[PDB]
């Protein structure tokens, strides 16, 4: 197979990430980990402190510089890249202290002076619809707005990015990219070595002054329409409608899009329509669709139970806790380990040679099935009945692991879970319980 999917290990520290790469992400074929911001940020326990930078020293809640490097190396040894959440728009609000011991205040930081910032003003709600200048030059919730047109600012951010590349970081999330002119991002990328993966966070559901399409020339772009519409369909619509999901629904080009069911902001209600781990099996099924369907570069969300406090930081117990995995309950949720989601990743990994949707079938409502040509086939039953339709595939006849429920043995003789039969004529006689699914692919076939 080939790498197709990455994961946000939200608020995971560098030792937990490194261990997770070795024990799970490498073996299961995840391509990369998006880590929380690793630069110096304001002190305090809330998750949102990570988005208030104080400097570019690599001392953060996740760990120190040596720990960060050890993580990059341990993950890369098992084939997993690191993408860094990169704060290109701003520095912390107000005054205080950072996680490396530095002080700041009055738009004075270890590496920035007041002249390195746009003149202070406030982004007001109306500005998103009618004032691009203010969205991009004024302050987002009090954060000091860097003058991203300045050569010094561009050189300082680029030096941060290039230091990360020199220690092995392979990609970058440009936080708050809507708040930075795409032209400024273009000037920054000219100072960045090489061609790392770059994706830009731009929330654009339509109807505002700045469009996500403005950022296509400078890197990948978050397609927030994807999760918003997918959530609405899974909650209130029909899965049959998804037969032409993608550009036909008004989305950006597939080859530019980072897609996801939810992210750290919008799982806190910051779309009521967004699906999250709180939705249980409905979330499972949405992720199976996303990962089987050939649109975009998907990012699986990996969350913690925040017990109703949308500002709280993560659990005070590590993920890997002296031999106990603190997953699936009221600490870390570890969605990337949920069987249907990890199985979806394996499916995407092994269908990457055929980015077509073939033999689409539905019952006009909430039962669907489709193929990736002869590389794979899937079905979802999001109804209260058993799905027993006979569907056409392009798969070679034989017996296949349902990779949502099990894995092929090292000897290729058996599956650890359900086995699916492709008939002589390429059909499958489905037998899918209510709110269940199946996926098979050409590299999980019994020999």
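Residue numbers count along the first chain shown, from 1.
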Looking at residue 270 and residue 271, the deposited sequence has unmodelled residues in between totalling 1 to 3
Of the two stretches 359-367 and 344-352, which shows the higher Cα B-factor on average in the entry? 359-367
Mean Cα B factor from the PDB record: higher for 9-17, or higher for 429-437? 429-437
At the C-alpha atoms, which of 165, 263, 232, 309 reaches the highest B-factor in this entry? 232
Going by the entry, which of 296, 196, 323, 314 has the most elevated CA B factor? 323
Entry-reported C-alpha B-factor of residue 139 relative to its chain, by third, is highest
Chain-relative C-alpha B factor for residue 160 (record values, thirds): the middle
Consider only the C-alpha atoms of the modelled residues in this chain, order them by B-factor as the entry records it, and name the third containing residue 420: lowest, middle or highest. middle
By its CA B factor, does residue 291 count among the lowest, middle or highest third of the modelled residues in the chain? lowest
Among the chain's modelled residues, which third holds the C-alpha B-factor of residue 113? highest
